[PDB]
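This document starts with one chain, in the form deposited in one PDB entry, laid out as structure tokens.
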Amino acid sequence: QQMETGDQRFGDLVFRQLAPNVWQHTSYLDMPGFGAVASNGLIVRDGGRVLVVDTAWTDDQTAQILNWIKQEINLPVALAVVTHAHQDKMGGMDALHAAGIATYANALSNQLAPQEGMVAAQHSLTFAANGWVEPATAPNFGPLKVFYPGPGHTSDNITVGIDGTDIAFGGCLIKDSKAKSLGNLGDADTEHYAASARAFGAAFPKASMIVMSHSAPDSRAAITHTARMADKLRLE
């Protein structure tokens, strides 16, 4: 079902295409106590296979994503990468595993997952001192370039860039350019957030479209605005 802003709504989910081979999947959870909070992930068509970034809030919603891919793209999903251990990102792991999809996550995310009430991914990504993922730990990721910017939204948020496009996924590290706060600061590293935000921008300097978890895709203005807000917080 197409809407005003060019977003196709598919059941309780919403899908928007960002590039010839990149879609953004959006799911909603009526959050206690807040309201209906949106969460964004990515779907990437890489040849004869599909790559998924982040699940939905629930197993059923993630299964709905899988149905959409089967219906709209019709290609086997090779792998999934989840960006950190919160429900909006890892709430539908069982749906992926029941579908036989190999799942990947930061080793710290997999370690933190039980405490965060999550199901861990099946494989662990580790990272070099400069932030880039060990290539041996992220095999055949195609156009996906995974980067750990340091502690920000959580101690474990990783970010993904997509080769061939100008799209980088900041996840819940980056907020939009009109955000007046940084949101859920429960697991946040207020001391290193700003550094992490700028590190992300430096990792993908040629990315002009920044996709984030809870807002529509923004420009690089979101990165500098986030880091600026993170500075204000750190300076008390």
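Note that the rigid core is defined as the largest set of C-alphas that superpose within 1.5 Å between two forms. Residues that one form lacks are left out of the comparison. Heads up: residue numbers just count along the shown sequence, starting at 1.
- Mean CA temperature factor is higher for 67-75 when stretches 67-75 and 100-108 are set side by side in the entry.
- The stretch with the higher mean CA B factor, choosing between 196-204 and 178-186, is 178-186.
- When the modelled residues of the chain are ordered by their C-alpha B factor, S124 lands in the lowest third.
- When the CA B factors of the chain's modelled residues are split into thirds, the value for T154 lands in the highest one.
- Per the PDB record, residue ranking by Cα B-factor puts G131 in the lowest third of the chain.
- In the PDB entry, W57 places in the middle third of its chain by CA B-factor.
- Among all modelled residues in its chain, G142 ranks in the lowest third by Cα B-factor.
What comes next is about the form deposited in another entry, which does not appear here.
- Once the cores line up, the CA of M31 ends up 2 angstroms or more apart between the shown form and the other one.
- Core-superposed comparison between the shown form and the other one: residues with C-alpha shifts of 2 Å or more form runs of three or more at 1-5, 31-35, 115-117.
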